[PDB]
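Peer 1: Take a look at this one; I'll ask things after.
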2 protein chains.
Amino acid sequence: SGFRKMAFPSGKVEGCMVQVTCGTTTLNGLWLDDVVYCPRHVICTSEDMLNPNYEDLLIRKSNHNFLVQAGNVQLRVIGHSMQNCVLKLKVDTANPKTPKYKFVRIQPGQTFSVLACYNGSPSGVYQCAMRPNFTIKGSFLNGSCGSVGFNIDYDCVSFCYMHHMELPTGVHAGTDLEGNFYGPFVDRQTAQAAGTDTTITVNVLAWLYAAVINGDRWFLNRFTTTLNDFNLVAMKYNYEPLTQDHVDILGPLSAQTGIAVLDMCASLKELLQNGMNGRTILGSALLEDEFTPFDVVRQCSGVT
Amino acid sequence: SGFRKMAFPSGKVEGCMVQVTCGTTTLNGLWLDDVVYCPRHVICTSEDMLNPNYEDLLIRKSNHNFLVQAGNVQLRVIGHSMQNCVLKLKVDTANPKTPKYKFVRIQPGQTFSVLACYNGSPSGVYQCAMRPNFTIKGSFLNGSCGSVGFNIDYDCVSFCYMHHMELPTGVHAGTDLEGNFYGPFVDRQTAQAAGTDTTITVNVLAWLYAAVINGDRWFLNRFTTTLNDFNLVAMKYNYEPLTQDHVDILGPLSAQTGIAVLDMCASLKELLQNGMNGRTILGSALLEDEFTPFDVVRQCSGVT
Ligand SMILES: O=C(Cc1cccc(Cl)c1)Nc1cncc2ncccc12
Ligand SMILES: O=C(Cc1cccc(Cl)c1)Nc1cncc2ncccc12
């Protein structure tokens, strides 16, 4: 028993981290097979960041300008190319520590682990969610760019995020491993609207099921609701509208606890309308939305 | 910017995890050099757990009864010995992935990362604190025994915890790597008093400094307090009494923010007396005590 904001073991990803330096800028790269992936803004200077002409900046660079170091050993760059907002540096050596991997584009509301890195060296690992507005509330400092987000299924690492930028609001933006930004963001030093965020309803419900499984039951009530009625409350409290597809993915947790999804919705409705009244659920005094239904079953069943 | 419950990268520890089976029981072992460490209750059956005579149970076992598997390869056991509540299985092969390591006994209130494992396979990593009452509020299921807690300083892993038991209250108990339990616990299936826990005051103060560094400042007030006055409030709210040694370790954060430790104590006093009034600090609606002053500076300075 017990429920924690658990991240995937980071070993398979640590073996892929490298340092990439171009000119005076240093950030992290991801070395998979004979390619190193990194944010294209490694080619910029501070005078460029207001609105960089990336095509022109990259034309001034040659393979030998990209210094790639894996720990203490230097990698030889034999090609470079820009794909969207990422650079792909072909190296003459395949990473011997390349795990089985995929590049995936995650949906908003899904979760992943981040391995925060500096100078190609891992500093820490944490779990987070891609917000419905395509931002992440991470922990990153200057030099963390190029750190990646991922999920692991057995021996396969599915890379879903590469960190690029911190918006003036302190929230984080990045790309998939093909260099496409999640959300409307551009890799420029400008104020950029993130847009209205919402709470991930399906994840809050999954976490209420985790709470029941792990002994916290004070919030269960004698009530039920409908999708329509619950969605009026979700509207009022800036929660994502619940659909039958969300009810369907909550099936396993509903079967495990014997609590019908709509009955759990009625508990969530009462907590939204009345608050926690000074009480806690799984060590939290707010409704947590960073655990998906899959995360709850995985943590409550010990998948390795 | 941003502040997360960050765990150490687990790679160095993943390389040490093995499966240990004795009779019908399977749990995790830690393979460092030519020794595998695991909880001694691997030698028990369910009939033994009420009050096992470990000495007698171990006398019935021979080296060949301990099956140790590192991934898919079997390790040859050439010796066994019980030290306190751990077994040390000498194997004929040094773990090639042994990192630089130490065995340390952590103090209550200090934090560490846990690599939860099942059948010698890592499942997830999370950060937690050793409670003042020597329990941990972890996330562990049946088979997680033998999972370890650790801290990393550059290339050295300091192992501080090995998981042994879940108390009937759902909280966790374990040992240092010499097999000494933290707290009064014994490795028996009995109800065992954990004793009064308290909130780690120095860690709450460190997290309030982290909040100020990362932009959350609404809780700062026009007041100051003394150690004596603050400790009367700490007494009332079941917080650890603050000492000058705690004020001294908060020095760096006080210098960084320009907020005198006693001024931050006055903010903590007001939050204890008035609550959060429906507001949050670093995404939490309660006062967080799982970040030490060292953790806050490390996360806010990007140590790798
Ligand atoms: O945001 C940037 C640089 C930057 C500026 C403009 C556009 C792009 Cl694509 C990249 N770097 C950081 C990332 N994450 C966190 C940070 N924390 C502090 C300072 C810097 C951070
Ligand atoms: O507590 C035990 C077994 C046990 C019983 C009595 C004494 C000792 Cl030293 C060990 N194992 C578990 C550990 N952590 C978490 C669990 N969650 C569920 C079931 C079992 C768990």
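Start at 1 and count along the chain as shown; that gives each residue its number.
Every residue, even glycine, has its Cβ placed from backbone N, Cα and C.
Quick paste of what Swiss-Prot says about this protein:
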{"type": "ACT_SITE", "residues": "A:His41", "note": "active site, for 3CL-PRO activity"}
{"type": "ACT_SITE", "residues": "A:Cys145", "note": "active site, nucleophile"}
{"type": "CROSSLNK", "residues": "A:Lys5", "note": "ubiquitin cross-link"}
{"type": "CROSSLNK", "residues": "A:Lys90", "note": "ubiquitin cross-link"}
Peer 1: Considering only the recorded positions A:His41, A:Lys90, A:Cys145, which fall within 10 Å of A:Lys5 (ubiquitin cross-link) when distances are taken between Cα atoms?
Peer 2: none
Peer 1: So if the criterion is CB under 8 Å to a CB of chain B, which of the recorded positions A:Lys5, A:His41, A:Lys90, A:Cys145 qualify?
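Peer 2: It is A:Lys5, listed by sequence.
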Peer 1: Given the recorded positions A:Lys5, A:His41, A:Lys90, which one has the fewest other C-beta atoms within 10 angstroms of its C-beta?
Peer 2: A:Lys90
Peer 1: Provide the number of Cβ atoms within 10 Å of the Cβ of A:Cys145 (active site, nucleophile), excluding the reference atom itself.
Peer 2: 26
Peer 1: Expressed to the nearest Å, what is the distance separating A:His41 (active site, for 3CL-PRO activity) and A:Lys90 (ubiquitin cross-link) at their Cα atoms?
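Peer 2: A:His41 (active site, for 3CL-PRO activity) and A:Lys90 (ubiquitin cross-link) have their Cα atoms 17 Å apart.
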Peer 1: Roughly how many Å lie between the Cα atoms of the residue listed as 'active site, nucleophile' and A:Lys90 (ubiquitin cross-link), rounded to a whole value?
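Peer 2: Taking the Cα atoms only, the residue listed as 'active site, nucleophile' lies 19 Å from A:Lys90 (ubiquitin cross-link).
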Peer 1: In DSSP terms, helix, strand or coil for A:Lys90 (ubiquitin cross-link)?
Peer 2: strand
